[PDB]
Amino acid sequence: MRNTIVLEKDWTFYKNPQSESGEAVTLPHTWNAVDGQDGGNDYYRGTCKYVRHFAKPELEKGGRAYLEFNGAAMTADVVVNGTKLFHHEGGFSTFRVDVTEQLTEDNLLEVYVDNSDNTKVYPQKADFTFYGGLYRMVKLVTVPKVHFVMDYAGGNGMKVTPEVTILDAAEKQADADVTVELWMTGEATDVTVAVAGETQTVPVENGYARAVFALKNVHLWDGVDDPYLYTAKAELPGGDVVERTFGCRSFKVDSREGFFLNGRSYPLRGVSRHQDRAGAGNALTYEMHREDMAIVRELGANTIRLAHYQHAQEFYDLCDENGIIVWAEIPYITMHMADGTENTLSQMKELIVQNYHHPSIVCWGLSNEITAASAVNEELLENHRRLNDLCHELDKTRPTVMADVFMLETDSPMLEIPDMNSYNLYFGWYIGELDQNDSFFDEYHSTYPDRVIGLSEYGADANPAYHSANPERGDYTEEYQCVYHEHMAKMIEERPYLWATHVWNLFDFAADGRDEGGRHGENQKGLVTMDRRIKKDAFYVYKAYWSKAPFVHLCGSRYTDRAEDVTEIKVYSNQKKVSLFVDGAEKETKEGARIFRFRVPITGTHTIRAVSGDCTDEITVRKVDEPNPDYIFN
């Protein structure tokens, strides 16, 4: 009886809302896919208008019709048949609009979508393009007269809470009390709730129902090796149905020993991901989400920081289904603005209500680098206490965290507010030397041994066009990014008290204000390029640390022209032995772990082949008289 149709086709988009003619578009859509990815700090920001018609949907007697917007960046006004019905501030979360009373036979839908600079809607100051438009789907949902609530913060009127007790960690034996709370409109009598083959019927009172299932020997959601998911289903006499997937897992974060999953140590070692891509902008299809996740899996990252905003349900689903552990946050970022305080609380409420069921999520992020351009005063601290309190009020099952900028003094009162802290560190890239990452954490953990500390950002830019036999910080070479991550990976491996670490970033991403490292409009800290077509050499150092799929990878497949008489051939591998062949003749076999380095005298054009068991790779190395200038940013 609950029916959904996608309002995907037959839109007309008006860049100038006042123009007589527009352009045909299909959702998802953004108007900044080109001008937000090419540099110049000039992508178009303002109010634009989407228009489309839709026919009156079939409705039960006293049924309702809702428009569902899953992503309208950043501020949306919904006008139906010339009446304005909704105003939404928050470009990353679902909202819905009851349009029943305005329905005629043919309905005019005008959506004004705004991504302008203002002081009321985060984000406003950040290192990523603020793509405007209807970049996620718009839907028309019809419900019976008695229905699960549709207007509360983009939720679905269901709140499922699995509380897990580990009985035998090694056997994965656990019990679970699963609470299903529901909220309903209309004069309902009772509701039926189905969980794990059991069924209960409970009374509705004041639009609210509750059911607890005491499950024994539940099948744990246990990370990448067994991401088992359950389904909770609630159904009303009149026929309305809602459901959430959920997973059963316990976890804790020990300030000294790190993250624990289901009674066992489970160090979180992964990356971050922005929700855009070359060409498409943030108008991502499902296949694009899946491809991003398939690259996560090949990499073997077991956690993703989904900065800096609520991501698509499809991607959180993918994390659920793949056993990936997620850090989720709101775009409370860089510069505090007093007029945005309510927007921070509104986006946090929608984030938690709409994502509370995802077992992949283990923490709520309050803000990112918020003291990069804010004085630490009572106003700032208050905004953070209110967000912290809201997280704890809505969700007893996850801690709060925030990502701190490296200038924030470690004794600031800011750090005492959330349950955990992670620092964004760029020592050895933006500032100082690589060693300062190690010392920063040794000193924090020595001063504050009872605090949980992590590494929420770290990286260095690499343009796969640039190379050097003597990489150094700032040459933007593929080789220095390897040097940087080789050091960070060892530094992290030495420090099991880091609760989670996240490479910034898995992918290059659009930042229209950047014009650095030979590519206009892109942050090049990705381990993979923005079009997902090139995995940079530094991707494979992490694959060597993380992946269990045997591989060998020769670095320098783009460092072909080499002026030096003896060159380093570097192989990344999760095997323990590698054999190098030069022009078909075996030159040397080394044992080791992860990183294998060979000295090769070169005199002409050579075919270099690396072998370990059944795994092989091959590159060309070509001696030249003078360094190739195309490899040089200078």
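One rule holds for the numbers: they count along the sequence shown, beginning at 1.
Stretches compared: 496-504, 142-150. Higher mean C-alpha B-factor in the entry: 142-150. Judged by mean Cα B factor in the deposited record, 53-61 ranks above the other of 53-61 and 591-599. Ranking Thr285, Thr400, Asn322, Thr100 by Cα temperature factor from the entry places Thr100 first. Of all the options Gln275, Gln436, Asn424, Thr129, the entry's greatest CA B-factor is assigned to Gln436. In this PDB entry, the Cα temperature factor of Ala610 sits in the middle third of its chain's modelled residues. Compared with the other modelled residues of the chain, the Cα B-factor recorded for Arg297 ranks in the middle third.
Remark: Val25 belongs to the highest third of its chain, ranked by C-alpha B-factor as recorded. Split the chain's modelled residues into thirds by C-alpha temperature factor. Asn107 is in the highest one. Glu205: CA B factor in the highest third of modelled residues in this chain (values from the PDB entry).
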